[PDB]
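Enquirer: My sequence and its experimental structure, below.
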Amino acid sequence: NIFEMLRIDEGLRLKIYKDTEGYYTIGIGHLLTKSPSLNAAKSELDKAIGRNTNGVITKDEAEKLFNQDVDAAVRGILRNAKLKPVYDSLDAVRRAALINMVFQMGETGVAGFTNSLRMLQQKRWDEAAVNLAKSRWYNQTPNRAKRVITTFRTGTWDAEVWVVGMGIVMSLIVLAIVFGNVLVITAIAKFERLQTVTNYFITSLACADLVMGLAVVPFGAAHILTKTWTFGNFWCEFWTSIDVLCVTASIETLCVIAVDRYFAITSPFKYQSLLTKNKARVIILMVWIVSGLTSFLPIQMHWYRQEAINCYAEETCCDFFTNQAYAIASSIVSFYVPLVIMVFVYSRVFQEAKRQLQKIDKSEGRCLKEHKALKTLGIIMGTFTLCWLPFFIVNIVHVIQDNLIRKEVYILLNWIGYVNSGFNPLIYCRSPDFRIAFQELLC
Amino acid sequence: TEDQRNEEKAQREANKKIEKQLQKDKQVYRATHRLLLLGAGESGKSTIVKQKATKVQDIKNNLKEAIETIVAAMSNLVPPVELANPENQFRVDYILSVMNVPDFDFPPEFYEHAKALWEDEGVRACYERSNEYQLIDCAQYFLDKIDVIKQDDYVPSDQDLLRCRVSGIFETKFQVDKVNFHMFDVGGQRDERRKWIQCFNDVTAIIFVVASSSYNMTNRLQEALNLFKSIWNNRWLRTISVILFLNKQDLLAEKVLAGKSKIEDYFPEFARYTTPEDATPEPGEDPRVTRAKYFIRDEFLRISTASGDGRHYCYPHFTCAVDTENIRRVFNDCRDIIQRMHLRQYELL
Amino acid sequence: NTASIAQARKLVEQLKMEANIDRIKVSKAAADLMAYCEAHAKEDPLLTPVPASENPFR
Amino acid sequence: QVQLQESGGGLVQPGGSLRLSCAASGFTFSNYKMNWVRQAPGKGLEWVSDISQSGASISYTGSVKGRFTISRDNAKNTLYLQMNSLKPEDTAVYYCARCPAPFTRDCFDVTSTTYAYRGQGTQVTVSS
Amino acid sequence: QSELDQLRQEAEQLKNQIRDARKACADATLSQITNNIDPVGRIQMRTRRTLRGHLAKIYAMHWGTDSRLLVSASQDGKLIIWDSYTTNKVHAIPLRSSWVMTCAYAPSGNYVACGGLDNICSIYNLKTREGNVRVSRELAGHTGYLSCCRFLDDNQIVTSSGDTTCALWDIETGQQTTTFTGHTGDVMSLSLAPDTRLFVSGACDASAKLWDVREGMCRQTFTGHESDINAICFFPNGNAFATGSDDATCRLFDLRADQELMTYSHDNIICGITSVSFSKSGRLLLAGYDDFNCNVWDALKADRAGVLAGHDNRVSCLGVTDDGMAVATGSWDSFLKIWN
Ligand SMILES: Cc1ccccc1CC(C)(C)NC[C@H](O)c1ccc(O)c2c1OCC(=O)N2
């Protein structure tokens, strides 16, 4: 509150000190006397606090003087006809800033602000912040002034290093997902060589991951920045839906590709013959259909429905709550199953690789090489593991044993999973044609 | 506008049909595996191409592929062909369903409708017009033999199999383990290969058959080695794997045991060469013969291992000691080739 | 070599026959080619980009 | 045009030595892999020794190994085969023929007659 | 004895005499007399059409004299007859032999020929009343693959082959009317005369020969090339021709001057020329390269006028419409590109 605000903007003094004007100040911003005399302030200190104090006051007595000076400040603001309407229109948090100004320059000093003061009753925070940005005030004390102005703008107390710190990371992620997936898709669009049937699956992957860093990820980032949901209720539902859909589509698609390669190396003779275009597209559409039916339909129908009804019915409180029944099947379908399939698949595939290397060694009289075969699998499985595993397991951890889990872990993990969408283009599109076609678009 | 509006629609339709059949062609084509068979001389490379549970199913495949085409093209022709028997109606519809389905079992029900159809005068009338549309070469043969193919104990005679053959006299497309192969024999070409050898860059494998006993004669073995190195280093052939058949095993054995003609004469580096450690000599094979055999094999191997790229591989073999069956060897070696195609594509190799 | 003497003989007959012919100065040949080109150059669409308005493929 | 004239060669007593030279022209000698091909009495042609454009990769037939050294002069557009310790089995016609394609590894020459770029050759005979 | 020696001596001398006789006519160079002429400037074409009917690599194509339809052959065993304007498929002809190294379009557009590693020239009638196009007549006299061929008319047809010889056939009789021999290698390509009086051919002996359809003998042999001649095309007036080769240079030869007038090459091109052709006027000389690009040269000044971006694989074939209104290029990517 204002106690913290002024405490930072002023500081605390339990013993009489000197302010910028050389007058006698004590507590928080409190000026006892402007008289040059040393013992003149102590008198008003004694009449104020009600004690014989030698110029040292208790910790709580400074707060007493504070509630007092603040009450009086508000009074001044009310008796002053210039600040009255402006103070009346504003919310608490901004009122704290107003009172802070009345604290620094006094009610009159704040009254000389008529422009910005008008922009406060017109509810335009940014332009007002621009007017305030240029003043002998801001110029005299840029730091404090800055924090105050920002307190006016956003209407919060946020004015750490953490806001920008997270903002930048979220920017790098939001940028990676978009540039990457867009690059892949448009690359497949403007290059005829990438039209290969196998590539269509990876195109699905690209699309799935594109909507990730377009709607889901940016809105989630802004969500972590504002510390609350400004998008409304219906759109909070829409957004959550697109979230689940993108996740499911992503993981599922990765599994599909896994199946593609398993089919390639396992039954090579049957590969080109059995798998067709209609079949492939059918697999894509199947993926997106099952992905949508497990996300949009269940969510929009309130199938995954005290804190819960409250935040739900509340337009602006967007928070994920899910019944056990929805989390078990939701997770098993969106992650676990594809995980198992992939494990068995890339496992058998690796088996094949080892086999072929064996035969080769039998025919070649010319263990270091095996590593080259193991690494690609290590990253292809690893990136899909580290990202979505810690999250999707923690889901069943929050479902199975309640109050064993932090709410920071959930979001953090979820984001970690988000990054996979950005990793896809790098861990997938490495194909020879893909690369050339990629750099040809980069000039 | 005018009539032109109709003409545009005409060319549109014709193009549509062509597109269809072509769509049917891409599947079979991509499903096929092309192989290039070649050898220097006296290798009897014409014999390998000269030489039964699956064969039956293949025959049935042909029969169905015939009937379906016949009954299907009836109404698509300008004067759509009417059946003399309308009672065969649902029997046509049936054939118009089953066509183009994977792993068809050909139930006893199928042969009734098919045979009864081949009995229909209108259908046959349609076949006599086959010259205008596109139909498989062997149709009437297997269509007359339907009742015979019916029998569960059916065991196709040699003469009955000869018709199941696809093609140029050198060209061969044969079926093995339900996997289409299309071989080409270059023996009908002169000995300058640089121009026509480019013709197969898409060939899944080059079968290269060289006589192991040719080290004496002229030293045709060194010539074979040369041809191989050239094939292996050609820019258009850099991606093609060579399945190597070392022929005339028996003849090699004879020459080696005799002693008059010594490999080390034409291959001095042999004198310092010892049989491989993993060597698996066959029963009744002098260690000398085994050593020479493996020396030749390694002579072709060192070139394949010289590149170090791993885009292609050379699969050696020994043959002609006794005829037997090299088709399976070829098969497996192709399977390996393609497996390593996908494997290398993924950097898994 | 006796099978070779037929080839040497016949080849000598070929060089012999195509050795005697009427040749024109290169300058005349090239001048004539240049003349043909500078003549029919107006008849050559590939030479002058066809306006998409009048182009049959556009 | 394209022509290669094999010079040198002749009658040599067994154990002796003979140095074959080949004059090349009608093409840039630098870009072509070169080789020597011999034809024994009444027998099909057989490859003897090859040399890469760079003068790096050099191969010999099993027999000629150590008895034959092929060296090329690029700037002078000429090919060289130094034959030593000649044996009665070496008697044959030596043509110096160059690979068909420029800038390459492989070769598809050594066709029986019917090869575009090959010399008329020289006759090397080893007396008995 | 020693007859062969005298023969080779007379042959060498003759060669010298021709060499000098040619050196005499050499008083100028086509480059010299075109020096003043205004250049074509850099001018590039565009792709007006992309035709995809092909499963495998296209080995060759040909334009119909109607300037509309065009024939193309592919290693997939299919022979497709397209319509450039509407980009449609007028015909699809399944071949017996999947490997086909060439095809040609009759002047009447009535028949279409093909050939390849099968060593046979298959003529197909497009005018068939009874139904679709079926093999009309297949001519095999060849001991080697069929590299190239052209229709004189709907009756007799000339072909070139890896058999080392070229042959003029008669489709109806099904036999060879005449046989052209004397090439020292595979004959890769041929080009007829506007009047079909005589025709040239490129081969793997790095020399192009000019033959006569009636006489059946080679009148002139032109050698400028270092390596095999992949393709050969006549100059519109008939007095010269162009050749692509593996030496990675195209060459112009004049018949009346009996020598190469000019060479089209570049220090940045080491790859051979697969195909060539001129434009209506003959000012431009187009050549496809193994590099996947297509170079447009100036048949006079020797400078490359432009290039064709394009197919991701080697361009197999190239042609210019009889009305010189369009260019077409087939490649190993199964795609045909029509340019303007
Ligand atoms: C809305 C909000 C509020 C606070 C923090 C995060 C979020 C976003 C949320 C968690 C909804 N994102 C969806 C989450 O990634 C997800 C994806 C696929 C799934 O199958 C499930 C799933 O959630 C759990 C589950 O069992 N199923």
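Expert: Yep, that arrived. Residues are numbered from 1 along each chain as shown, chains lettered A, B, ... in the order given.
Enquirer: can you pull out the helices in the stretch 51-200 of chain B?
Expert: Applying DSSP state H, counting those that start in this stretch to the stretch 51-200 of chain B gives helices spanning B:53-73, B:89-98, B:108-119, B:121-127, B:140-144, B:146-150, B:158-161.
Enquirer: As a markdown table, those with mean neighbour count and distance to residue A:415 would be great.
Expert: To be clear about C-beta, it is placed using only N, CA and C from the backbone, and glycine gets the same treatment. As requested, the helices of the stretch 51-200 of chain B are exported to a markdown table (neighbours: other C-beta atoms under 10 Å in any protein chain shown; distance: least, C-beta to C-beta, whole Å):
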| stretch | mean neighbour count | distance to residue A:415 |
| --- | --- | --- |
| helix B:53-73 | 19 | 55 |
| helix B:89-98 | 15 | 52 |
| helix B:108-119 | 17 | 59 |
| helix B:121-127 | 19 | 67 |
| helix B:140-144 | 17 | 65 |
| helix B:146-150 | 16 | 64 |
| helix B:158-161 | 11 | 66 |
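Enquirer: which element is the single nearest residue of the stretch 1-150 of chain A relative to chain B on?
Expert: Among all residues of the stretch 1-150 of chain A, residue A:150 sits closest to chain B, at 51.2 Å; criterion: C-beta to the nearest C-beta. In this structure, residue A:150 sits in helix A:142-154 according to DSSP states H and E.
Enquirer: Return the set of buried residues in that helix.
Expert: Of the residues in helix A:142-154, those buried by neighbour count under the rule 16 or more other C-beta atoms under 10 Å in any protein chain shown are A:144-145, A:147-153.
Enquirer: Run through those and flag the ones next to chain D.
Expert: The overlap between these and the neighbourhood of chain D (criterion: C-beta under 8 Å from any C-beta of the partner chain) is empty.
Enquirer: Looking at the residues you listed, which one is closest to residue A:394?
Expert: residue A:150 (35.4 Å; C-beta to C-beta).
Enquirer: Three-state assignment for the closest residue to the closest one other than its chain neighbours, please.
Expert: Taking C-beta to C-beta, 6 or more residues apart in numbering or on different chains as the measure, residue A:150 lies nearest to residue A:159, with 4.3 Å between them; neighbours along the chain are not counted. Three-state secondary structure (criterion: DSSP: H, G, I helix; E, B strand; the rest coil) places residue A:159 in coil.
Enquirer: For residue A:159, give me its contacts.
Expert: Taking C-beta atoms under 8 Å, 6 or more residues apart in numbering or on different chains as the criterion, residue A:159 is in contact with A:146-148, A:150-151.
Enquirer: how far is stretch E:111-128 from where the chain is centred?
Expert: Mean-position distance between stretch E:111-128 and its chain equals 17 Å (C-alpha atoms, centre = their mean, to the nearest Å).
Enquirer: What's the end-to-end length of that stretch?
Expert: Between the opening and closing residues of stretch E:111-128 lies a distance of 10 Å (C-alpha to C-alpha, to the nearest Å).
Enquirer: Buried residues of it, list them for me.
Expert: When burial is assessed from 16+ other C-beta under 10 Å, stretch E:111-128 yields the following buried residues: E:111-126.
Enquirer: quick check, that stretch touching chain B?
Expert: Yes. Applying C-beta under 8 Å from any C-beta, one finds stretch E:111-128 touching chain B at E:116-120.
Enquirer: before we move on, back to that, JSON lines for the contacts of residue A:159, including distance to residue C:1?
Expert: Converted to JSON lines, these look like this (distance: C-beta to C-beta, whole Å):
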{"residue": "A:146", "distance to residue C:1": "105"}
{"residue": "A:147", "distance to residue C:1": "108"}
{"residue": "A:148", "distance to residue C:1": "111"}
{"residue": "A:150", "distance to residue C:1": "105"}
{"residue": "A:151", "distance to residue C:1": "110"}
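Enquirer: Name the nearest of those relative to residue E:76.
Expert: Nearest to residue E:76 among those, with distances taken as C-beta to C-beta, is residue A:150, at 69.6 Å.
Enquirer: and chain B, which residues reach chain A?
Expert: Contact residues, chain B versus chain A (C-beta under 8 Å from any C-beta): B:27, B:30-31, B:33, B:102, B:177, B:179, B:276, B:278, B:298, B:301, B:305, B:313, B:315-316, B:335-336, B:338-343, B:346-349.
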